[PDB]
Structures are given as structure tokens and as C-alpha cells.
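Take a look at this single chain in C-alpha cells; it is the form deposited in one PDB entry.
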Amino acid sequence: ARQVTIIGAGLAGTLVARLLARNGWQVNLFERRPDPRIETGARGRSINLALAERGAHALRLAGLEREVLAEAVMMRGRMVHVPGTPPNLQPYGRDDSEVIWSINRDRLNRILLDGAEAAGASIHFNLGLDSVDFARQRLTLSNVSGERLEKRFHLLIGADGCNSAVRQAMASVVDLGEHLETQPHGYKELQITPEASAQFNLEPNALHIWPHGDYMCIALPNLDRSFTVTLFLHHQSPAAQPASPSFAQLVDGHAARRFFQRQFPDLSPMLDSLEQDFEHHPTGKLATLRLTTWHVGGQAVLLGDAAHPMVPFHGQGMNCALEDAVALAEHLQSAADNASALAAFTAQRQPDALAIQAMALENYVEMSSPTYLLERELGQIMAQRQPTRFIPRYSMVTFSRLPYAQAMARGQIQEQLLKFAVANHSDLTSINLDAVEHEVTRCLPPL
């Protein structure tokens, strides 16, 4: 039986552990954190995530989809909140088949851990990777208190997140050709209780957004009617606009409260613990990191956030990481050797990871807020008339398994076609709809 060591019992690491173990591999998985299945007297994390068709299909192949979806809330559309105006619901599709699922991160992780152990994987918690000796095929792990221990390895999988220790170790033996692109927005996680969401009639079966230009809030629902809110705001005010809101200006919870009362007036009354949440939860960092290569011969490979950190504005990081886990297990299972498997996995996934990283950056403007309204109106008519040809980019990314690079290329043809059709036209009445449709049939092959 072939041997493998995986670092990081997160989302990609735990899924790939189950896929390899059920195919007869000897799997050992190491995780820095404690086992979340061991109940303690501590609170429990409220982190939520949007699970889309790519992630759901990966779980389906692993035989875990039904168990995960039993604990997920259906989001039928986007609820856009602009002050004074009643919240406006934008459905995703025509029926409940085109939906996004809101899943609690730690509930999903527990299901994945049980799934990996049921398949035969051995999981070791409270052990963080410190360094790797590639020549000697040994690695060094330690607990939170610094006690160190060495382990021999044959194949190493880095599923250890955006600040991957496996990626750092690989830099000693290969040039990963890394390029880090910082993002000016930080993030802060806040909470809405079940009592507060019911009192203010906040729709449970929707994804909520409070656009505000250079800053915004989003909220995802939980099974118990509570919601997890995320604030996206610049860490610092730029030199050109020193008066503009930023985390630096919000000195404490009371400053944060005054900011929410002014800028998010319909949201502030639902955040009962705003002051406490603001001071106790740390401000998160966002970035895009692109690598030239993801592997070292047949010895080590990266996947998920360890290979391609992206900005969270398309809700696709976990979905991409689960898609990566399926592809890595498929290549490893049937290749001539580990070196061939790792090079083939990198060649397949790199162009698709680059495409979603680019589309996620673009999506910030679409979430944070007449010509666009005209193009949207025309696009909707084309989608209704040619459903196998004109498919909005958001739908190709969220509700299909079309490779990310293909969704990006087709979306470009669609945008170009809409741009020329609307150019130097005030409204829809001056546009020949049949001529635009003929151009759709002329430029977009059916899928």
C-alpha cells in the first residue's frame, strides 16, 4: 500500500485523506489545532460559508453530500439593503435547483473528520509542522508548548492554509516563483442572535448585502436563525482621502458603534454585541498569492489555500479547494508514479486557479455597488431566449462545474457582445433584439 502524510485537517486536507484512504492508501494526517469533536466548556465558532455546485459535487463523489446538506440553510437569492428602501430580493435562478448553501465551518469540518477516519485515515491533533528535511525525508512537528518530534515521510501533501508551513519548507529546495498582491481591506466577524433576526424580520433563506462603496457588510444565515456578519473595510485611510473611514479610525467598540449607527443604520440595531465582538475578534487580512509551481518532484505538493490564496469576494475559496482535493486524489491514484501525478495535477489546476483569483478580485465592485441596468436587462433577454448559449458568468461559476478558465473566456464574449449592442443607445426600445440574438448564435457555441 502507497503511503502519504497530509498537513492540515481543514477542508481540502480532510477530503483528500478520505479519498486516498478508501482507495487503500496508508494515510497519516497532522493538525495544529485540537480535535473539534472533543466537547469542552468553550463557546464554539460561528464561522459560516457559501457552498456552491463545485463543493457540493466534490462531497457527492465522497459520499458525504446528504449529511452536509442536512445541516445547511438554502439561500434562494441575494437580499440587497439600501437605507430607507425596503430590502430587495434578487433570485439566483428560476427554481430551487439554482441555490447556494450556507454551512457552519466547524460542522462541515467534524463531518469531514468522521468521513476520513471511517475510510481508514489516522488523524493526529495538537501537532504543527515546523520544518522539513527533503533530502533526509523527515519532518519536525511541535505542540503549542514547543515540545518537538520527528516523523519519516514518503509523500507530503500541504493542505495547511494561506500561511502554509509546507509551502515555506518547499522554498528551500525549489523556486516557487511566488508573487504576493496585498489587498487594502481588512475584515471583522460580527453576530446577529436568533431573537434579533426574528424581531427585525431578516429573511433566513437568502444571502444579505449592505453595499457602501469602498466598504460593505455581508451576512449568511445559520440553522438556528442566527447570522454571521462580515464587515469589509480599509485597514488605513489613504493619503488622498485622510477623512475616509478605516479600521485605524475605530479606536474601540464605542467608535465602531457610532460608525455603524451612521453608515449602516438598518443593521446597527440587530448587532447587540457589536462593541464586544469588535474588541475581542481580531481584524483579518486579505491577499492574492500566485505560485509558478506547486510541487517538488514526487516528494511534496500544495492544494487549496496553501497553493492559491484568493480574496473572498466570490465565495469560491472552499469550493475551489474541494475541487482541488478530487483532482489530486484522481491523479495520485492512476499515475505511473508520484512525480508524474504531481506535475499533471499542477498543469490541470493552475489555469483554473488563476481564473478564479482574477474573477474574485473583479466581484468586489459587483457586491459593494443605467448603462449597467440596460446591459443586465439585455443579458436577461438573451439568457431567456438562448439558455444553452448565453449563461451569465456568475451562474457558470456558482451553479456549474465548467472549468473556471472556460467560465471566464465565455463571460468575456458575452460582455463584448452586450457592449457593442448598447453602444450609443439610451434605452432598450432603440435596440433590435433579434439582431443581438443572431450575434449570440454566431459567437457562442452551445454547451
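From 1 onward, residues are counted along the sequence shown. Take the two forms, superpose them, and find the largest set of C-alpha atoms that agree within 1.5 Å; that set is the rigid core.
Just so it is clear, the following notes concern the form deposited in another entry, a form of the same protein that is not shown.
Peer 1: With the rigid core superposed, which of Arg152, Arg258, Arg94, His179 has its C-alpha shift by 2 Å or more between the shown form and the other one?
Peer 2: None of the others reach 2 Å, which leaves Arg94.
Peer 1: Please determine whether the C-alpha atom of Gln380 is displaced by 2 Å or more between the shown form and the other one following superposition on the rigid core.
Peer 2: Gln380 C-alpha, core-superposed: shift of 2 Å or more.
Peer 1: Does the distance between the two CA positions of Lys419 reach 2 Å or more between the shown form and the other one, the core being superposed?
Peer 2: Yes; that C-alpha moves by at least 2 Å between the shown form and the other one.
Peer 1: Taking the rigid core as the reference frame, is the Cα of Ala21 displaced by 2 Å or more between the shown form and the other one?
Peer 2: No, because once the rigid core is superposed, the C-alpha of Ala21 moves less than 2 Å between the shown form and the other one.
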